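To be precise, the following lines are input_11.cif, and they hold mmCIF, C-alpha atoms (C1' of nucleotides).
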data_structure
#
loop_
_atom_site.label_atom_id
_atom_site.label_comp_id
_atom_site.auth_asym_id
_atom_site.auth_seq_id
_atom_site.Cartn_x
_atom_site.Cartn_y
_atom_site.Cartn_z
CA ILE E 159 98.02 126.94 83.19
CA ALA E 160 98.77 127.75 86.83
CA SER E 161 102.32 126.43 86.44
CA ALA E 162 102.80 128.45 83.26
CA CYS E 163 101.29 131.54 84.90
CA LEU E 164 103.68 131.08 87.83
CA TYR E 165 106.57 130.94 85.37
CA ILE E 166 105.38 134.10 83.62
CA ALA E 167 104.87 135.95 86.90
CA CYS E 168 108.47 135.26 87.90
CA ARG E 169 109.71 136.62 84.56
CA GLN E 170 107.49 139.70 84.79
CA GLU E 171 108.81 140.45 88.29
CA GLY E 172 112.45 140.27 87.20
CA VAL E 173 113.25 137.06 89.10
CA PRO E 174 112.84 134.30 86.48
CA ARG E 175 112.72 130.65 87.46
CA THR E 176 113.80 128.00 84.99
CA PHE E 177 111.15 125.77 83.44
CA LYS E 178 112.77 122.88 85.29
CA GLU E 179 112.54 124.77 88.59
CA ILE E 180 108.84 125.41 87.99
CA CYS E 181 108.36 121.76 87.00
CA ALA E 182 110.01 120.58 90.22
CA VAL E 183 107.28 122.29 92.27
CA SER E 184 104.53 121.22 89.84
CA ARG E 185 103.13 117.84 88.85
CA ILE E 186 103.04 119.18 85.28
CA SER E 187 106.05 118.39 83.12
CA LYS E 188 108.40 120.96 81.62
CA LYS E 189 107.07 120.37 78.10
CA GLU E 190 103.48 121.08 79.11
CA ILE E 191 104.47 124.19 81.07
CA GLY E 192 106.41 125.49 78.07
CA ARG E 193 103.45 124.89 75.77
CA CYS E 194 100.96 126.63 78.06
CA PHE E 195 103.50 129.43 78.53
CA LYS E 196 103.50 130.18 74.80
CA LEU E 197 99.70 130.10 74.61
CA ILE E 198 99.27 132.37 77.64
CA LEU E 199 101.54 134.98 76.07
CA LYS E 200 99.50 134.82 72.86
CA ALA E 201 96.20 134.97 74.74
CA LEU E 202 97.32 137.90 76.91
CA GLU E 203 99.03 139.70 73.99
CA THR E 204 101.93 140.23 76.39
CA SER E 205 105.65 139.47 76.35
CA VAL E 206 108.45 138.66 78.78
CA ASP E 207 111.94 140.13 78.65
CA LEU E 208 114.63 137.70 77.54
CA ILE E 209 116.39 135.93 80.40
CA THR E 210 120.06 136.76 81.00
CA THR E 211 122.80 134.83 82.77
CA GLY E 212 122.64 137.30 85.66
CA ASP E 213 118.98 136.48 86.33
CA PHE E 214 120.00 133.18 87.97
CA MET E 215 123.38 133.88 89.59
CA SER E 216 122.03 134.96 92.98
CA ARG E 217 119.81 131.90 93.43
CA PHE E 218 122.22 129.35 91.94
CA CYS E 219 125.24 130.63 93.86
CA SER E 220 123.32 131.07 97.11
CA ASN E 221 121.97 127.52 96.84
CA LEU E 222 125.50 126.22 96.13
CA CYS E 223 126.73 128.22 99.16
CA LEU E 224 129.27 130.29 97.24
CA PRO E 225 130.71 133.51 98.70
CA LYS E 226 129.74 136.89 97.31
CA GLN E 227 133.13 137.22 95.60
CA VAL E 228 132.60 133.93 93.75
CA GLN E 229 129.07 134.98 92.84
CA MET E 230 130.36 138.29 91.46
CA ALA E 231 133.05 136.46 89.49
CA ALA E 232 130.48 134.06 88.03
CA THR E 233 128.17 136.96 87.17
CA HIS E 234 130.99 138.78 85.39
CA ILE E 235 132.23 135.66 83.59
CA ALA E 236 128.82 134.82 82.14
CA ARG E 237 128.04 138.42 81.20
CA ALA B 2 92.05 62.29 127.90
CA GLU B 3 91.60 65.19 125.48
CA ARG B 4 93.57 68.02 123.90
CA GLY B 5 91.82 70.62 126.05
CA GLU B 6 92.21 68.61 129.25
CA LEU B 7 94.76 69.89 131.77
CA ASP B 8 97.06 67.51 133.64
CA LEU B 9 96.70 67.82 137.42
CA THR B 10 99.32 65.28 138.55
CA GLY B 11 101.58 68.02 139.89
CA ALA B 12 98.83 69.46 142.07
CA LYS B 13 97.95 65.99 143.35
CA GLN B 14 101.61 65.62 144.38
CA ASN B 15 101.42 68.84 146.45
CA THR B 16 104.50 70.09 144.60
CA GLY B 17 105.90 73.27 146.14
CA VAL B 18 107.68 75.98 144.16
CA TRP B 19 108.97 79.46 144.98
CA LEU B 20 108.13 82.65 143.09
CA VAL B 21 111.06 85.09 142.98
CA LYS B 22 111.37 88.45 141.24
CA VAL B 23 114.92 89.32 140.17
CA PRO B 24 116.50 92.50 138.71
CA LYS B 25 117.47 92.91 135.06
CA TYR B 26 121.23 92.65 135.57
CA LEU B 27 120.92 89.27 137.29
CA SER B 28 118.65 88.01 134.51
CA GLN B 29 120.82 89.68 131.85
CA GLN B 30 123.91 87.91 133.19
CA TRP B 31 122.03 84.60 133.11
CA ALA B 32 120.96 85.35 129.54
CA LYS B 33 124.55 86.28 128.69
CA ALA B 34 125.78 82.93 130.01
CA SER B 35 123.16 81.35 127.69
CA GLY B 36 122.63 78.52 130.19
CA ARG B 37 126.14 77.12 130.46
CA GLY B 38 124.92 74.96 133.35
CA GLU B 39 125.34 77.14 136.42
CA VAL B 40 124.83 80.81 137.30
CA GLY B 41 125.21 80.83 141.09
CA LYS B 42 124.33 79.20 144.38
CA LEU B 43 121.44 79.94 146.74
CA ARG B 44 122.27 79.87 150.46
CA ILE B 45 119.63 79.53 153.18
CA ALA B 46 120.52 80.09 156.85
CA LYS B 47 117.94 79.30 159.54
CA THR B 48 118.45 80.46 163.12
CA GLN B 49 116.61 79.58 166.33
CA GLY B 50 113.85 82.08 165.55
CA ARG B 51 114.69 83.61 162.18
CA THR B 52 115.42 82.56 158.60
CA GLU B 53 117.92 84.13 156.19
CA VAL B 54 117.88 83.55 152.43
CA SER B 55 120.51 84.92 150.05
CA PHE B 56 121.92 84.26 146.59
CA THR B 57 125.58 84.41 145.56
CA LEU B 58 126.50 85.42 142.02
CA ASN B 59 128.98 83.19 140.20
CA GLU B 60 132.49 84.63 140.15
CA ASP B 61 132.91 83.66 136.49
CA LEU B 62 129.53 85.21 135.64
CA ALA B 63 130.47 88.54 137.24
CA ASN B 64 133.61 88.85 135.10
CA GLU B 80 125.58 89.15 147.50
CA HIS B 81 121.86 89.01 146.64
CA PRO B 82 119.89 88.77 149.90
CA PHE B 83 116.37 87.39 149.48
CA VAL B 84 113.36 88.87 151.29
CA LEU B 85 110.38 86.55 151.69
CA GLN B 86 106.78 87.71 151.33
CA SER B 87 103.57 86.29 152.74
CA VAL B 88 101.68 83.99 150.37
CA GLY B 89 98.32 84.08 152.17
CA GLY B 90 97.27 87.02 150.00
CA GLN B 91 96.99 84.90 146.86
CA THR B 92 97.07 81.30 145.62
CA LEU B 93 99.68 81.05 142.86
CA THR B 94 100.02 77.93 140.71
CA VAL B 95 102.31 77.31 137.74
CA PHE B 96 100.99 75.78 134.51
CA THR B 97 103.03 74.96 131.41
CA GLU B 98 102.06 74.70 127.74
CA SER B 99 104.22 72.01 126.15
CA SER B 100 105.18 72.35 122.50
CA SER B 101 103.24 69.11 121.92
CA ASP B 102 99.99 70.88 122.92
CA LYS B 103 99.70 69.09 126.28
CA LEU B 104 99.01 71.60 129.05
CA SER B 105 100.21 70.55 132.50
CA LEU B 106 100.14 72.04 136.00
CA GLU B 107 103.68 72.19 137.36
CA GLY B 108 102.57 72.79 140.94
CA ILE B 109 101.49 75.33 143.54
CA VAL B 110 103.63 78.24 144.69
CA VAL B 111 104.46 77.81 148.39
CA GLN B 112 106.69 80.84 149.01
CA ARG B 113 107.28 84.28 147.52
CA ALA B 114 110.60 86.13 147.62
CA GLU B 115 112.24 89.21 146.14
CA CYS B 116 115.86 89.78 145.15
CA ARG B 117 117.48 93.11 146.04
CA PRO B 118 120.98 94.45 145.37
CA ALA B 119 123.65 94.80 148.04
CA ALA B 120 125.18 98.05 146.77
CA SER B 121 123.57 101.21 148.15
CA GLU B 122 124.96 104.15 146.15
CA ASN B 123 127.35 102.67 143.57
CA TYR B 124 124.39 100.70 142.21
CA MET B 125 122.79 103.95 141.03
CA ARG B 126 125.78 104.42 138.72
CA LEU B 127 124.77 101.23 136.90
CA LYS B 128 121.19 102.50 136.75
CA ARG B 129 122.39 105.84 135.37
CA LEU B 130 124.06 103.94 132.53
CA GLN B 131 120.96 101.75 132.17
CA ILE B 132 118.75 104.85 131.93
CA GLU B 133 121.26 106.25 129.44
CA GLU B 134 121.05 102.99 127.47
CA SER B 135 117.25 103.13 127.60
CA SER B 136 117.32 106.74 126.32
CA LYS B 137 119.88 106.01 123.58
CA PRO B 138 117.24 105.37 120.86
CA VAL B 139 115.16 108.39 121.94
CA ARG B 140 115.53 110.53 118.84
CA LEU B 141 115.42 114.32 119.14
CA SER B 142 115.47 117.14 116.61
CA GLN B 143 118.80 118.16 115.09
CA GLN B 144 119.97 121.66 114.18
CA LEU B 145 121.25 122.41 110.68
CA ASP B 146 123.95 125.01 110.10
CA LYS B 147 122.83 125.63 106.51
CA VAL B 148 119.39 125.65 104.92
CA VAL B 149 118.80 122.49 102.89
CA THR B 150 119.16 123.15 99.16
CA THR B 151 118.59 119.58 97.92
CA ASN B 152 114.79 119.77 97.78
CA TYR B 153 112.69 120.41 94.67
CA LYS B 154 115.76 120.11 92.47
CA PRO B 155 115.09 121.38 88.92
CA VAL B 156 113.93 118.60 86.61
CA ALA B 157 112.46 118.48 83.11
CA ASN B 158 109.99 115.71 83.96
CA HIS B 159 109.13 113.78 87.10
CA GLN B 160 110.26 110.17 87.26
CA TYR B 161 106.76 108.96 88.16
CA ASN B 162 105.50 110.85 85.10
CA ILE B 163 107.91 109.47 82.49
CA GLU B 164 107.21 105.92 83.70
CA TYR B 165 103.46 106.46 83.36
CA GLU B 166 103.99 108.12 79.98
CA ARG B 167 106.20 105.24 78.84
CA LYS B 168 103.68 102.67 80.06
CA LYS B 169 100.85 104.42 78.21
CA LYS B 170 102.94 104.63 75.03
CA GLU B 171 104.06 101.00 75.33
CA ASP B 172 100.51 99.77 75.96
CA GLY B 173 99.08 101.94 73.18
CA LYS B 174 95.53 103.07 72.59
CA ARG B 175 92.75 100.49 72.56
CA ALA B 176 91.88 99.42 69.02
CA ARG B 177 88.39 99.15 67.53
CA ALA B 178 87.95 95.45 66.80
CA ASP B 179 85.34 93.96 64.49
CA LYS B 180 81.78 93.77 65.78
CA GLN B 181 81.54 89.98 65.57
CA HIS B 182 84.60 89.37 67.75
CA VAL B 183 83.48 91.94 70.32
CA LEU B 184 79.99 90.43 70.41
CA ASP B 185 81.41 86.93 70.92
CA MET B 186 83.67 88.18 73.71
CA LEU B 187 80.89 90.39 75.07
CA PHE B 188 78.47 87.49 75.57
CA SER B 189 81.15 85.19 77.00
CA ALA B 190 81.63 87.80 79.73
CA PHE B 191 77.89 87.80 80.46
CA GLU B 192 78.21 84.10 81.28
CA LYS B 193 80.47 84.67 84.29
CA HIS B 194 78.32 87.43 85.82
CA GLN B 195 74.66 88.25 85.25
CA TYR B 196 75.21 92.01 85.66
CA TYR B 197 78.24 94.03 84.54
CA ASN B 198 79.31 97.62 85.09
CA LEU B 199 80.23 99.65 82.01
CA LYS B 200 83.56 100.75 83.48
CA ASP B 201 84.50 97.18 84.41
CA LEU B 202 83.00 95.78 81.19
CA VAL B 203 85.35 98.00 79.15
CA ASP B 204 88.37 96.28 80.69
CA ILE B 205 87.12 92.81 79.72
CA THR B 206 86.37 93.87 76.14
CA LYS B 207 89.46 96.11 75.89
CA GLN B 208 87.59 98.26 73.37
CA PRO B 209 87.00 102.01 73.06
CA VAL B 210 84.24 103.28 75.32
CA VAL B 211 82.33 104.89 72.45
CA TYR B 212 82.61 101.79 70.26
CA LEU B 213 81.63 99.49 73.13
CA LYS B 214 78.61 101.64 73.99
CA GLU B 215 77.45 101.74 70.37
CA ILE B 216 77.56 97.95 70.04
CA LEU B 217 76.18 97.47 73.55
CA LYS B 218 73.38 99.97 72.86
CA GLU B 219 72.09 97.96 69.90
CA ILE B 220 71.56 94.80 71.99
CA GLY B 221 72.28 95.76 75.59
CA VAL B 222 69.89 97.88 77.63
CA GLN B 223 70.24 100.02 80.75
CA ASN B 224 68.41 98.99 83.92
CA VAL B 225 67.95 101.65 86.60
CA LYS B 226 68.87 100.49 90.11
CA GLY B 227 68.11 102.88 92.95
CA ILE B 228 70.49 101.13 95.34
CA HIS B 229 73.63 102.31 93.52
CA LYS B 230 73.00 103.54 89.95
CA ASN B 231 71.75 102.53 86.51
CA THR B 232 73.94 99.90 84.85
CA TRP B 233 73.90 98.03 81.55
CA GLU B 234 72.19 94.70 80.87
CA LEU B 235 73.94 92.24 78.56
CA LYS B 236 70.71 90.31 77.99
CA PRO B 237 69.20 91.42 74.64
CA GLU B 238 65.68 91.17 76.11
"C1'" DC I 1 179.27 69.32 106.35
"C1'" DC I 2 175.89 68.51 103.91
"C1'" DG I 3 171.30 67.36 103.67
"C1'" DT I 4 166.32 69.73 104.21
"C1'" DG I 5 162.48 72.69 106.19
"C1'" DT I 6 160.70 76.65 106.41
"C1'" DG I 7 160.60 82.36 105.37
"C1'" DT I 8 160.86 86.51 102.32
"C1'" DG I 9 160.61 90.42 97.98
"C1'" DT I 10 158.24 92.08 94.76
"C1'" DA I 11 156.21 92.75 90.92
"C1'" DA I 12 152.83 89.25 88.55
"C1'" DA I 13 148.17 87.50 88.02
"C1'" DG I 14 143.46 87.21 89.98
"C1'" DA I 15 139.41 88.93 90.80
"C1'" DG I 16 136.57 92.86 92.25
"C1'" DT I 17 134.47 96.64 91.79
"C1'" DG I 18 134.41 101.25 89.93
"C1'" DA I 19 135.00 105.24 87.02
"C1'" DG I 20 135.28 108.26 83.08
"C1'" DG I 21 135.09 109.87 78.56
"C1'" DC I 22 133.07 109.51 74.16
"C1'" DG I 23 130.06 108.47 70.67
"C1'" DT I 24 125.69 107.31 69.28
"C1'" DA I 25 120.87 107.94 70.12
"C1'" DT I 26 117.08 110.89 71.62
"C1'" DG I 27 114.33 115.10 72.13
"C1'" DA I 28 112.17 119.28 71.62
"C1'" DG I 29 110.53 122.54 68.76
"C1'" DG I 30 106.65 124.77 65.25
"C1'" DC I 31 104.40 122.91 60.79
"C1'" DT I 32 100.51 120.21 58.83
"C1'" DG I 33 97.50 116.61 58.51
"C1'" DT I 34 94.40 112.72 59.52
"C1'" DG I 35 91.64 108.24 62.53
"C1'" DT I 36 90.89 107.39 67.30
"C1'" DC I 37 90.56 106.91 72.08
"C1'" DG I 38 91.24 107.82 76.59
"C1'" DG I 39 90.51 111.87 78.89
"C1'" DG I 40 88.85 115.53 81.75
"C1'" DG I 41 85.68 118.79 83.19
"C1'" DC I 42 80.98 118.76 83.35
"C1'" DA I 43 76.91 119.57 86.76
"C1'" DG I 44 73.82 115.79 88.19
"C1'" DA I 45 70.96 112.49 90.84
"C1'" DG I 46 70.68 109.88 94.80
"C1'" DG I 47 71.44 108.73 99.00
"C1'" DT I 48 76.84 131.57 135.04
"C1'" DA I 49 72.31 132.71 137.91
"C1'" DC I 50 67.57 133.64 138.54
"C1'" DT I 51 62.77 133.39 136.90
"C1'" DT I 52 58.93 131.82 134.45
"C1'" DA I 53 56.39 128.22 131.74
"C1'" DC I 54 55.03 123.27 130.47
"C1'" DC I 55 54.44 118.35 131.30
"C1'" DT I 56 53.76 114.32 134.30
"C1'" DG I 57 52.28 111.63 138.57
"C1'" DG I 58 49.37 111.44 142.16
"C1'" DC I 59 45.50 111.51 145.12
"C1'" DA I 60 41.20 113.26 145.38
"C1'" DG I 61 36.28 113.13 144.55
"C1'" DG I 62 32.27 112.47 141.79
"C1'" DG I 63 28.90 109.80 138.77
"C1'" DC L 1 33.52 103.49 135.98
"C1'" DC L 2 35.58 107.32 134.83
"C1'" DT L 3 37.63 112.59 135.41
"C1'" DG L 4 40.74 116.47 137.09
"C1'" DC L 5 43.94 120.42 139.98
"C1'" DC L 6 48.35 120.95 142.18
"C1'" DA L 7 53.32 119.94 143.47
"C1'" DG L 8 57.53 118.67 141.64
"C1'" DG L 9 60.68 118.15 138.03
"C1'" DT L 10 62.45 119.59 133.75
"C1'" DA L 11 63.61 122.99 130.50
"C1'" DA L 12 63.81 127.28 128.06
"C1'" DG L 13 65.17 132.19 128.20
"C1'" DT L 14 66.81 136.42 129.47
"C1'" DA L 15 70.27 139.53 132.11
"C1'" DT L 16 75.00 140.65 133.50
"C1'" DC L 17 79.19 113.09 99.65
"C1'" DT L 18 79.91 109.79 95.96
"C1'" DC L 19 80.18 108.25 91.80
"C1'" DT L 20 78.67 109.02 86.70
"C1'" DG L 21 78.33 109.29 81.85
"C1'" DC L 22 79.64 112.68 78.55
"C1'" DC L 23 81.08 115.81 74.39
"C1'" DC L 24 85.09 118.42 73.13
"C1'" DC L 25 89.44 117.73 73.21
"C1'" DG L 26 95.51 116.35 73.52
"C1'" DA L 27 98.59 113.32 71.60
"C1'" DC L 28 99.93 109.69 69.22
"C1'" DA L 29 102.81 108.88 62.92
"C1'" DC L 30 105.74 111.16 60.54
"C1'" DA L 31 108.83 114.69 56.75
"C1'" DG L 32 112.53 117.31 55.87
"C1'" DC L 33 116.13 120.95 58.18
"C1'" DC L 34 118.86 122.09 62.69
"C1'" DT L 35 120.81 123.50 66.86
"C1'" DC L 36 121.69 122.61 71.18
"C1'" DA L 37 120.26 119.67 75.22
"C1'" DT L 38 119.77 115.07 77.55
"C1'" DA L 39 120.52 110.03 78.07
"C1'" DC L 40 122.72 105.72 77.43
"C1'" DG L 41 126.18 102.56 76.93
"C1'" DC L 42 130.55 100.44 76.49
"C1'" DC L 43 135.11 99.69 76.56
"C1'" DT L 44 139.34 101.37 78.32
"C1'" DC L 45 141.57 102.69 82.61
"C1'" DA L 46 142.46 102.48 87.65
"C1'" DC L 47 143.52 100.25 91.50
"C1'" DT L 48 143.61 97.48 95.50
"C1'" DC L 49 143.54 93.91 98.49
"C1'" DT L 50 144.94 89.50 98.17
"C1'" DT L 51 147.11 86.00 96.85
"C1'" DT L 52 150.71 83.90 93.16
"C1'" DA L 53 154.79 82.60 91.59
"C1'" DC L 54 159.80 82.01 92.06
"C1'" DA L 55 164.75 82.95 92.85
"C1'" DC L 56 167.18 82.99 97.04
"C1'" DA L 57 168.32 82.66 101.82
"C1'" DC L 58 168.95 80.73 106.41
"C1'" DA L 59 168.83 78.55 110.32
"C1'" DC L 60 168.13 73.91 112.44
"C1'" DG L 61 169.16 69.98 114.68
"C1'" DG L 62 171.59 65.96 116.19
#
As structure tokens:
Amino acid sequence: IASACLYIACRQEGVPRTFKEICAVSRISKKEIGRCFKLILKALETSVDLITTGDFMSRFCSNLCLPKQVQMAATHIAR
Amino acid sequence: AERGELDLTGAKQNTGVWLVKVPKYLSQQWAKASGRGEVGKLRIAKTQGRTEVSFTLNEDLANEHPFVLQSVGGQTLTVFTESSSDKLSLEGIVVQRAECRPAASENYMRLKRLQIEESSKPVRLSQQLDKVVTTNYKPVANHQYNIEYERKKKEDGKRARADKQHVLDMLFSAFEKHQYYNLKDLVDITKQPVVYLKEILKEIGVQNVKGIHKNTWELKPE
DNA sequence: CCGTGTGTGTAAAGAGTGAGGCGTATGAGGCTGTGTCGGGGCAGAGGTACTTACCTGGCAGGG
DNA sequence: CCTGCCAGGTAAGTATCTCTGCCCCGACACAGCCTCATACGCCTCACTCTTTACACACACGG
């Protein structure tokens, strides 16, 4: 539940983490996080905006050590 | 004559030996030679009222070591050896003490500086990283330790509910080895579901309260 | 002056690892259901300086 | 054969946790469709040092 809540909080704040990224920092597997994530949304009667390719470009490119120009190109290409 | 007895023939012979402390380089060179058969020659010069002791390093080994004697009246030093055959023996009694010192005054410190550098070579110290590490907590769908445990649980499978007669026969055979059994450990021997084991054990087995640790089950029907 | 005894080119095996793509298999997802069993909370026994006050040892008498 | 007050020492007191059963559960099989994601596996390809073969050459020596 905590792992799923952490995933939902990231989505609500506009900085989504992937289920795999949340699973890396949690002993709980991706499948169990995804299942609790669905239940928490139902229980809270809330929703999360759909993730877009641009929601991950800054973190993925910064972690890969890509310049800003390459990050902008990747953001445009995916969009 | 016994294993613990120490041979004293050397002492009875009044054998005299010299105790000498030597630097590391002299010993290291001798170790490097591995005992070829010779490492140098010791020269002793005695004058009308003085004595001079010095050691000369082998020319081959290199590719003067003056000796300073010390008074022995401060201690009684004797050498004893432990043979590989478990026969301790007393080699003799130390009759003179000496110390080996280098001849070089300043250039010797250069060797020490390297030696100190060699001694400090394995002294690890923190390293600075140009970039922040990005290889930690890499995204993963399931942890490797978790899939292995999941696979092991699936492969082993859930414990099955066997017939009462077989469990009873196995249950009592266990009681033979040990008078008292813990429920948690007893489950492993029976390899049966906890609820099923308790139900069968409840009919015949009884719980005895022990204040030392806790209440456990009794496999004796009475 | 013609024997023979050693060198040399260069792709041809000989292993010796190593790599890469592809194709098949797997999974995950609700769904719905049914036996079961480990499981996982679940609370539960059960084991710094000065001053004043109080206690103890001693020597003293008393009976 | 008992019984007790005072000095000295000590001492306070204030000021500046580890199991343990236990009910109320998840996740197993397994059904078709289905789309994309993840893993495995296997043979074909590469290559690279190190020999391996084989026609030819060339002193060499007396």
Of the candidates B:151, B:101, B:86, B:94, which shows the shortest atom-to-atom distance to chain E, using all atoms listed in the file?
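Checking each of B:151, B:101, B:86, B:94 against chain E, counting all atoms listed in the file, the winner is B:151.
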Quick one: apply the PyMOL selection byres ((chain B) within 10 of (chain L)) to the file and drop the selected residues here as a PyMOL selection string.
chain B and resi 157+170+173-174+199+229-231
Taking only C-alpha atoms (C1' of nucleotides) into account, which of E:217, E:201, E:208, E:196 comes nearest chain I?
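Looking only at the distances to chain I, the closest residue turns out to be E:196.
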Would you compute an axis-aligned box for stretch 20-23 of chain B, covering every atom listed for it in the file with 8 Å of margin on each side, and report centre and edge lengths in Å to one decimal as JSON?
{"center_x": 111.5, "center_y": 86.0, "center_z": 141.6, "size_x": 22.8, "size_y": 22.7, "size_z": 18.9}
Tell me which residues the PyMOL selection byres ((chain E) within 12 of (chain I)) grabs here, as a list in words.
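Checked against the file, the PyMOL selection byres ((chain E) within 12 of (chain I)) matches residues 188, 189, 190, 192, 193 and 196 of chain E.
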I would like the residues chosen by the PyMOL selection byres ((chain E and resi 179) around 9) on the shown file; could you give them as a list in words?
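Taken over the shown coordinates, the PyMOL selection byres ((chain E and resi 179) around 9) returns residues 175, 176, 177, 178, 180, 181, 182, 183, 184 and 188 of chain E; 153, 154, 155, 156 and 157 of chain B.
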Within 12 Å of chain B, which residues belong to chain I? Use all atoms listed in the file and report them as a PyMOL selection string.
chain I and resi 27-28+35-39+45-47
Point-to-point distance in Å for atom CA of residue B:22 and atom CA of residue B:98
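Straight-line distance from atom CA of residue B:98 to atom CA of residue B:22 works out to 21.4 Å.
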Student task, stretch 44-59 of chain I output with N, CA and C atoms (P, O5', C5', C4', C3', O3' and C1' of nucleotides) as a short mmCIF file (atom, residue, chain, number, x, y, z; two decimals), in the first residue's frame:
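So the final result, stored in part.cif, reads:
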data_model
loop_
_atom_site.label_atom_id
_atom_site.label_comp_id
_atom_site.auth_asym_id
_atom_site.auth_seq_id
_atom_site.Cartn_x
_atom_site.Cartn_y
_atom_site.Cartn_z
P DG I 44 -5.00 -7.61 24.36
"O5'" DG I 44 -4.10 -8.88 24.71
"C5'" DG I 44 -4.36 -10.15 24.09
"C4'" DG I 44 -3.34 -11.18 24.52
"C3'" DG I 44 -2.94 -11.14 26.00
"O3'" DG I 44 -3.05 -12.45 26.55
"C1'" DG I 44 -1.03 -11.27 24.64
P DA I 45 -3.56 -12.73 28.08
"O5'" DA I 45 -2.25 -12.45 28.94
"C5'" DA I 45 -1.80 -13.40 29.93
"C4'" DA I 45 -0.68 -14.25 29.37
"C3'" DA I 45 0.41 -14.59 30.39
"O3'" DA I 45 0.93 -15.89 30.13
"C1'" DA I 45 1.37 -13.48 28.57
P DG I 46 1.31 -16.86 31.34
"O5'" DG I 46 2.79 -17.33 30.99
"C5'" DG I 46 3.48 -16.79 29.84
"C4'" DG I 46 4.84 -16.27 30.24
"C3'" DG I 46 5.06 -16.11 31.75
"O3'" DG I 46 6.44 -16.39 32.00
"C1'" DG I 46 5.56 -14.13 30.70
P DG I 47 6.96 -16.72 33.47
"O5'" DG I 47 8.52 -16.98 33.22
"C5'" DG I 47 9.08 -16.80 31.91
"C4'" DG I 47 9.90 -15.53 31.85
"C3'" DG I 47 10.54 -15.13 33.18
"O3'" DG I 47 11.84 -15.72 33.30
"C1'" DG I 47 9.72 -13.23 31.92
P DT I 48 31.16 20.86 37.04
"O5'" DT I 48 31.36 21.56 38.47
"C5'" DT I 48 32.33 22.59 38.62
"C4'" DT I 48 32.02 23.47 39.82
"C3'" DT I 48 32.45 22.88 41.17
"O3'" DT I 48 33.15 23.86 41.94
"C1'" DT I 48 30.15 23.45 41.23
P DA I 49 33.74 23.48 43.39
"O5'" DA I 49 32.78 24.26 44.41
"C5'" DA I 49 32.64 25.67 44.32
"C4'" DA I 49 31.81 26.21 45.47
"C3'" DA I 49 32.27 25.76 46.85
"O3'" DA I 49 32.20 26.84 47.78
"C1'" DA I 49 30.02 25.05 46.47
P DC I 50 32.86 26.69 49.24
"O5'" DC I 50 31.60 26.73 50.22
"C5'" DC I 50 30.68 27.81 50.15
"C4'" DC I 50 29.38 27.45 50.84
"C3'" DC I 50 29.53 26.92 52.26
"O3'" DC I 50 28.82 27.74 53.18
"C1'" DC I 50 28.15 25.46 50.94
P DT I 51 28.82 27.38 54.74
"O5'" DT I 51 27.45 26.58 54.93
"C5'" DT I 51 26.26 27.06 54.32
"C4'" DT I 51 25.08 26.18 54.68
"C3'" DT I 51 25.11 25.64 56.10
"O3'" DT I 51 23.83 25.75 56.71
"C1'" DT I 51 24.98 23.84 54.56
P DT I 52 23.67 25.54 58.29
"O5'" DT I 52 22.69 24.28 58.40
"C5'" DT I 52 21.48 24.25 57.66
"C4'" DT I 52 21.02 22.83 57.43
"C3'" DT I 52 20.88 21.99 58.71
"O3'" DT I 52 19.56 21.50 58.84
"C1'" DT I 52 22.16 20.83 57.05
P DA I 53 19.12 20.74 60.19
"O5'" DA I 53 19.12 19.19 59.77
"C5'" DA I 53 18.31 18.76 58.68
"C4'" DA I 53 18.60 17.31 58.33
"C3'" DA I 53 18.50 16.34 59.51
"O3'" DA I 53 17.64 15.25 59.18
"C1'" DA I 53 20.59 16.08 58.39
P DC I 54 17.29 14.14 60.29
"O5'" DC I 54 18.24 12.91 59.92
"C5'" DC I 54 18.19 12.35 58.61
"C4'" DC I 54 19.08 11.13 58.50
"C3'" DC I 54 19.01 10.19 59.70
"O3'" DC I 54 18.96 8.83 59.28
"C1'" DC I 54 21.25 10.93 59.38
P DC I 55 18.88 7.64 60.36
"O5'" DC I 55 20.32 6.95 60.27
"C5'" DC I 55 20.84 6.58 59.00
"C4'" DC I 55 22.23 5.98 59.14
"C3'" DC I 55 22.39 5.00 60.30
"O3'" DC I 55 23.19 3.89 59.92
"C1'" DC I 55 23.89 6.83 60.59
P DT I 56 23.42 2.67 60.93
"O5'" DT I 56 24.96 2.80 61.33
"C5'" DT I 56 25.95 2.88 60.31
"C4'" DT I 56 27.33 3.04 60.91
"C3'" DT I 56 27.61 2.15 62.12
"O3'" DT I 56 28.94 1.66 62.09
"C1'" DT I 56 27.80 4.43 62.76
P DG I 57 29.41 0.53 63.13
"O5'" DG I 57 30.59 1.23 63.94
"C5'" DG I 57 31.68 1.83 63.24
"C4'" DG I 57 32.60 2.56 64.20
"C3'" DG I 57 33.03 1.76 65.42
"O3'" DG I 57 34.40 2.00 65.73
"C1'" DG I 57 31.77 3.67 66.11
P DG I 58 35.16 1.08 66.81
"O5'" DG I 58 35.29 2.04 68.08
"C5'" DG I 58 35.85 3.34 67.93
"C4'" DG I 58 35.42 4.24 69.06
"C3'" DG I 58 35.70 3.69 70.46
"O3'" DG I 58 36.69 4.48 71.11
"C1'" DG I 58 33.49 4.63 70.29
P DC I 59 37.83 3.78 72.00
"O5'" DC I 59 37.63 4.42 73.45
"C5'" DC I 59 37.47 5.83 73.58
"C4'" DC I 59 36.31 6.16 74.50
"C3'" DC I 59 36.45 5.64 75.92
"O3'" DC I 59 37.00 6.65 76.77
"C1'" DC I 59 34.19 5.41 75.06
#
